[PDB]
$ cat data.pdb   # PDB, C-alpha atoms
ATOM      1  CA  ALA A 293     -45.029 -24.313   0.700  1.00  0.00           C
ATOM      2  CA  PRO A 294     -41.758 -22.972   2.134  1.00  0.00           C
ATOM      3  CA  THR A 295     -38.914 -25.371   2.861  1.00  0.00           C
ATOM      4  CA  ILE A 296     -37.385 -25.796   6.323  1.00  0.00           C
ATOM      5  CA  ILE A 297     -33.892 -27.138   7.058  1.00  0.00           C
ATOM      6  CA  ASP A 298     -31.706 -27.325  10.179  1.00  0.00           C
ATOM      7  CA  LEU A 299     -34.530 -27.151  12.706  1.00  0.00           C
ATOM      8  CA  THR A 300     -33.613 -27.196  16.404  1.00  0.00           C
ATOM      9  CA  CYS A 301     -35.864 -27.106  19.468  1.00  0.00           C
ATOM     10  CA  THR A 302     -35.346 -25.555  22.904  1.00  0.00           C
ATOM     11  CA  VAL A 303     -37.556 -24.950  25.943  1.00  0.00           C
ATOM     12  CA  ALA A 304     -37.659 -21.614  27.730  1.00  0.00           C
ATOM     13  CA  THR A 305     -39.893 -22.535  30.666  1.00  0.00           C
ATOM     14  CA  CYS A 306     -42.024 -25.497  31.677  1.00  0.00           C
ATOM     15  CA  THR A 307     -44.694 -25.926  34.337  1.00  0.00           C
ATOM     16  CA  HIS A 308     -47.125 -28.854  34.311  1.00  0.00           C
ATOM     17  CA  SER A 309     -50.238 -26.841  35.063  1.00  0.00           C
ATOM     18  CA  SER A 310     -53.761 -27.253  33.765  1.00  0.00           C
ATOM     19  CA  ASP A 311     -53.458 -24.420  31.240  1.00  0.00           C
ATOM     20  CA  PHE A 312     -50.800 -24.022  28.536  1.00  0.00           C
ATOM     21  CA  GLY A 313     -47.741 -23.872  30.742  1.00  0.00           C
ATOM     22  CA  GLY A 314     -44.636 -24.284  28.606  1.00  0.00           C
ATOM     23  CA  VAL A 315     -42.971 -22.090  26.010  1.00  0.00           C
ATOM     24  CA  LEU A 316     -40.916 -23.634  23.223  1.00  0.00           C
ATOM     25  CA  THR A 317     -38.593 -21.994  20.702  1.00  0.00           C
ATOM     26  CA  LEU A 318     -37.725 -23.322  17.254  1.00  0.00           C
ATOM     27  CA  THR A 319     -34.703 -22.147  15.271  1.00  0.00           C
ATOM     28  CA  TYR A 320     -34.526 -22.940  11.578  1.00  0.00           C
ATOM     29  CA  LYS A 321     -33.496 -21.725   8.126  1.00  0.00           C
ATOM     30  CA  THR A 322     -35.952 -20.996   5.328  1.00  0.00           C
ATOM     31  CA  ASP A 323     -35.879 -19.893   1.713  1.00  0.00           C
ATOM     32  CA  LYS A 324     -39.108 -17.869   1.794  1.00  0.00           C
ATOM     33  CA  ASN A 325     -41.578 -16.583   4.368  1.00  0.00           C
ATOM     34  CA  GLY A 326     -44.964 -18.230   4.722  1.00  0.00           C
ATOM     35  CA  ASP A 327     -47.119 -20.667   6.693  1.00  0.00           C
ATOM     36  CA  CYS A 328     -46.324 -24.030   8.266  1.00  0.00           C
ATOM     37  CA  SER A 329     -48.428 -26.693   9.959  1.00  0.00           C
ATOM     38  CA  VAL A 330     -46.845 -27.389  13.327  1.00  0.00           C
ATOM     39  CA  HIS A 331     -47.660 -30.603  15.171  1.00  0.00           C
ATOM     40  CA  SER A 332     -46.601 -32.711  18.151  1.00  0.00           C
ATOM     41  CA  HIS A 333     -46.155 -36.460  17.644  1.00  0.00           C
ATOM     42  CA  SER A 334     -46.844 -37.494  21.241  1.00  0.00           C
ATOM     43  CA  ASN A 335     -49.824 -37.130  23.554  1.00  0.00           C
ATOM     44  CA  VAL A 336     -47.440 -36.146  26.348  1.00  0.00           C
ATOM     45  CA  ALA A 337     -47.663 -32.557  25.103  1.00  0.00           C
ATOM     46  CA  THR A 338     -50.547 -30.739  23.422  1.00  0.00           C
ATOM     47  CA  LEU A 339     -49.791 -27.630  21.381  1.00  0.00           C
ATOM     48  CA  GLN A 340     -51.816 -24.430  21.394  1.00  0.00           C
ATOM     49  CA  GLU A 341     -51.913 -23.709  17.666  1.00  0.00           C
ATOM     50  CA  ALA A 342     -51.864 -25.708  14.461  1.00  0.00           C
ATOM     51  CA  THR A 343     -50.432 -23.116  12.063  1.00  0.00           C
ATOM     52  CA  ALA A 344     -47.380 -20.886  12.331  1.00  0.00           C
ATOM     53  CA  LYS A 345     -45.894 -18.018  10.337  1.00  0.00           C
ATOM     54  CA  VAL A 346     -42.286 -18.584   9.262  1.00  0.00           C
ATOM     55  CA  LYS A 347     -40.124 -15.554   8.497  1.00  0.00           C
ATOM     56  CA  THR A 348     -36.559 -15.312   7.227  1.00  0.00           C
ATOM     57  CA  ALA A 349     -35.310 -14.283  10.680  1.00  0.00           C
ATOM     58  CA  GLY A 350     -35.593 -17.960  11.564  1.00  0.00           C
ATOM     59  CA  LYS A 351     -37.097 -18.041  15.070  1.00  0.00           C
ATOM     60  CA  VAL A 352     -40.616 -19.013  16.120  1.00  0.00           C
ATOM     61  CA  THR A 353     -42.233 -19.730  19.475  1.00  0.00           C
ATOM     62  CA  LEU A 354     -45.059 -22.034  20.535  1.00  0.00           C
ATOM     63  CA  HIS A 355     -47.005 -22.837  23.683  1.00  0.00           C
ATOM     64  CA  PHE A 356     -47.641 -26.356  24.923  1.00  0.00           C
ATOM     65  CA  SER A 357     -49.187 -28.104  27.902  1.00  0.00           C
ATOM     66  CA  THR A 358     -48.135 -31.327  29.605  1.00  0.00           C
ATOM     67  CA  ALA A 359     -48.450 -33.088  32.941  1.00  0.00           C
ATOM     68  CA  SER A 360     -45.174 -35.009  33.365  1.00  0.00           C
ATOM     69  CA  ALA A 361     -42.088 -33.919  35.259  1.00  0.00           C
ATOM     70  CA  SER A 362     -39.859 -34.828  32.292  1.00  0.00           C
ATOM     71  CA  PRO A 363     -41.652 -34.523  28.945  1.00  0.00           C
ATOM     72  CA  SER A 364     -40.027 -35.672  25.725  1.00  0.00           C
ATOM     73  CA  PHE A 365     -41.596 -35.409  22.291  1.00  0.00           C
ATOM     74  CA  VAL A 366     -41.012 -34.842  18.590  1.00  0.00           C
ATOM     75  CA  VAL A 367     -42.361 -31.641  17.046  1.00  0.00           C
ATOM     76  CA  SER A 368     -42.695 -31.124  13.310  1.00  0.00           C
ATOM     77  CA  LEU A 369     -42.787 -27.828  11.421  1.00  0.00           C
ATOM     78  CA  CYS A 370     -43.915 -28.126   7.813  1.00  0.00           C
ATOM     79  CA  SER A 371     -41.856 -31.038   6.498  1.00  0.00           C
ATOM     80  CA  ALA A 372     -39.098 -30.961   9.132  1.00  0.00           C
ATOM     81  CA  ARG A 373     -38.708 -32.764  12.449  1.00  0.00           C
ATOM     82  CA  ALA A 374     -36.968 -32.277  15.758  1.00  0.00           C
ATOM     83  CA  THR A 375     -36.725 -33.650  19.283  1.00  0.00           C
ATOM     84  CA  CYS A 376     -37.623 -31.649  22.392  1.00  0.00           C
ATOM     85  CA  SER A 377     -36.966 -32.484  26.030  1.00  0.00           C
ATOM     86  CA  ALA A 378     -37.484 -30.378  29.125  1.00  0.00           C
ATOM     87  CA  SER A 379     -37.687 -30.270  32.905  1.00  0.00           C
ATOM     88  CA  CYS A 380     -40.891 -29.066  34.558  1.00  0.00           C
ATOM     89  CA  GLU A 381     -41.683 -27.686  38.042  1.00  0.00           C
ATOM     90  CA  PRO A 382     -44.930 -28.063  40.017  1.00  0.00           C
ATOM     91  CA  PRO A 383     -47.508 -25.269  40.050  1.00  0.00           C
ATOM     92  CA  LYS A 384     -48.333 -23.481  43.278  1.00  0.00           C
ATOM     93  CA  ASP A 385     -52.060 -22.890  42.767  1.00  0.00           C
ATOM     94  CA  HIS A 386     -54.316 -25.468  44.375  1.00  0.00           C
ATOM     95  CA  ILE A 387     -57.686 -25.202  42.571  1.00  0.00           C
ATOM     96  CA  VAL A 388     -58.677 -23.710  39.216  1.00  0.00           C
ATOM     97  CA  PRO A 389     -62.079 -23.254  37.538  1.00  0.00           C
ATOM     98  CA  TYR A 390     -61.087 -24.558  34.072  1.00  0.00           C
TER      99      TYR A 390
ATOM    100  CA  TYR B   1     -50.433 -15.633  46.683  1.00  0.00           C
ATOM    101  CA  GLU B   2     -48.733 -15.616  50.073  1.00  0.00           C
ATOM    102  CA  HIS B   3     -45.041 -14.837  50.472  1.00  0.00           C
ATOM    103  CA  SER B   4     -42.520 -14.187  53.225  1.00  0.00           C
ATOM    104  CA  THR B   5     -39.088 -12.616  53.430  1.00  0.00           C
ATOM    105  CA  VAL B   6     -36.567 -10.931  55.715  1.00  0.00           C
ATOM    106  CA  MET B   7     -35.182  -7.454  55.174  1.00  0.00           C
ATOM    107  CA  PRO B   8     -32.499  -5.610  57.160  1.00  0.00           C
ATOM    108  CA  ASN B   9     -33.380  -2.693  59.427  1.00  0.00           C
ATOM    109  CA  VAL B  10     -30.964  -0.220  57.846  1.00  0.00           C
ATOM    110  CA  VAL B  11     -32.194   3.157  56.633  1.00  0.00           C
ATOM    111  CA  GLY B  12     -31.735   3.702  52.921  1.00  0.00           C
ATOM    112  CA  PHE B  13     -30.771   0.124  52.122  1.00  0.00           C
ATOM    113  CA  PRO B  14     -32.429  -0.636  48.754  1.00  0.00           C
ATOM    114  CA  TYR B  15     -33.865  -4.048  49.516  1.00  0.00           C
ATOM    115  CA  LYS B  16     -35.170  -6.048  46.577  1.00  0.00           C
ATOM    116  CA  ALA B  17     -37.461  -9.066  46.797  1.00  0.00           C
ATOM    117  CA  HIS B  18     -37.965 -11.763  44.166  1.00  0.00           C
ATOM    118  CA  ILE B  19     -41.290 -13.587  43.845  1.00  0.00           C
ATOM    119  CA  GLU B  20     -41.670 -16.325  41.247  1.00  0.00           C
ATOM    120  CA  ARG B  21     -45.065 -17.934  40.691  1.00  0.00           C
ATOM    121  CA  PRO B  22     -44.687 -20.897  38.315  1.00  0.00           C
ATOM    122  CA  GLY B  23     -47.576 -19.911  36.103  1.00  0.00           C
ATOM    123  CA  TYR B  24     -46.380 -16.346  35.520  1.00  0.00           C
ATOM    124  CA  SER B  25     -43.323 -14.193  34.920  1.00  0.00           C
ATOM    125  CA  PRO B  26     -41.283 -13.386  38.037  1.00  0.00           C
ATOM    126  CA  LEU B  27     -41.842 -10.101  39.835  1.00  0.00           C
ATOM    127  CA  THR B  28     -39.423  -7.895  41.759  1.00  0.00           C
ATOM    128  CA  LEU B  29     -40.277  -5.494  44.577  1.00  0.00           C
ATOM    129  CA  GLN B  30     -38.189  -2.567  45.791  1.00  0.00           C
ATOM    130  CA  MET B  31     -38.540  -1.852  49.501  1.00  0.00           C
ATOM    131  CA  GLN B  32     -36.857   0.910  51.487  1.00  0.00           C
ATOM    132  CA  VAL B  33     -37.042   1.975  55.135  1.00  0.00           C
ATOM    133  CA  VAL B  34     -37.322   5.751  54.984  1.00  0.00           C
ATOM    134  CA  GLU B  35     -37.635   6.242  58.734  1.00  0.00           C
ATOM    135  CA  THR B  36     -37.898   4.383  62.035  1.00  0.00           C
ATOM    136  CA  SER B  37     -38.976   5.380  65.533  1.00  0.00           C
ATOM    137  CA  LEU B  38     -38.531   3.432  68.776  1.00  0.00           C
ATOM    138  CA  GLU B  39     -40.961   4.857  71.325  1.00  0.00           C
ATOM    139  CA  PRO B  40     -40.851   3.525  74.907  1.00  0.00           C
ATOM    140  CA  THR B  41     -43.632   3.468  77.503  1.00  0.00           C
ATOM    141  CA  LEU B  42     -43.479   5.886  80.410  1.00  0.00           C
ATOM    142  CA  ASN B  43     -44.783   6.260  83.967  1.00  0.00           C
ATOM    143  CA  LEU B  44     -44.223   9.687  85.498  1.00  0.00           C
ATOM    144  CA  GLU B  45     -42.579   9.412  88.909  1.00  0.00           C
ATOM    145  CA  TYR B  46     -42.052  13.037  89.923  1.00  0.00           C
ATOM    146  CA  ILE B  47     -40.853  16.450  88.807  1.00  0.00           C
ATOM    147  CA  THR B  48     -38.131  18.721  90.180  1.00  0.00           C
ATOM    148  CA  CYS B  49     -37.540  22.463  89.954  1.00  0.00           C
TER     149      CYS B  49
END
$ encode --input "data.pdb" --output "structure tokens"
Amino acid sequence: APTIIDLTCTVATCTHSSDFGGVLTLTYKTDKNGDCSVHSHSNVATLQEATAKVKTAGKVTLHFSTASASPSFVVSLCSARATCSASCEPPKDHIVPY
Amino acid sequence: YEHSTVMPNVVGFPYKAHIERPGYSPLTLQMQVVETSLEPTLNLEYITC
């Protein structure tokens, strides 16, 4: 498996809607390109995917869903770890069929 | 998705509107007032020659 060091987490947009309504960006440094097993360590946020493709450019993006105004959780990529916090805004749609 | 705004009544002014729905990427509209016409209402009184 590829090695990951200096992993930092940022949030582009959050919105606590029913669907996957937040986009997260991870910046890292790797020795080789490959596959990693991303996870979230809190039930505050649920990820979309379980596997990610790491490339030497060093940036990946993920989608998550939550329902709190101020989420805060630890995301792990391969063997690394980082802390994410964000601010979220209410959705405008009243009723959805999913 | 309802929306409301105010735009000036000046011909050729390139008004732009911003609409931001939380579940989607924001959208921008370009509006322009190519022409106006203020027509009154008339009641003929008489005619002279």
$ resolve_selection --input "data.pdb" --expression "the PyMOL selection byres ((chain A and resi 343) around 7)" --output "MDAnalysis selection string"
chainID A and resid 327:330 341:342 344
$ atom_distance --input "data.pdb" --atom1 "atom CA of residue A:318" --atom2 "atom CA of residue A:380"
18.5 Å
$ axis_aligned_box --input "data.pdb" --around "stretch 370-379 of chain A" --padding-each-side "8 Å" --output "AutoDock Vina command-line options"
--center_x -40.3 --center_y -30.9 --center_z 19.7 --size_x 23.2 --size_y 21.5 --size_z 42.4
$ atom_distance --input "data.pdb" --atom1 "atom CA of residue A:303" --atom2 "atom CA of residue A:316"
4.5 Å
$ resolve_selection --input "data.pdb" --expression "the PyMOL selection byres ((chain B) within 12 of (chain A))" --output "PyMOL selection string"
chain B and resi 1-3+20-26
$ residues_near_point --input "data.pdb" --point "(-41.6, -28.0, 7.8)" --cutoff "9 Å" --atoms "all atoms listed in the file" --output "list in words"
residues 293, 294, 295, 296, 297, 299, 328, 329, 330, 368, 369, 370, 371, 372 and 373 of chain A
$ resolve_selection --input "data.pdb" --expression "the PyMOL selection byres ((chain B and resi 34) around 9)" --output "number ranges by chain"
B: 11-12, 32-33, 35-36
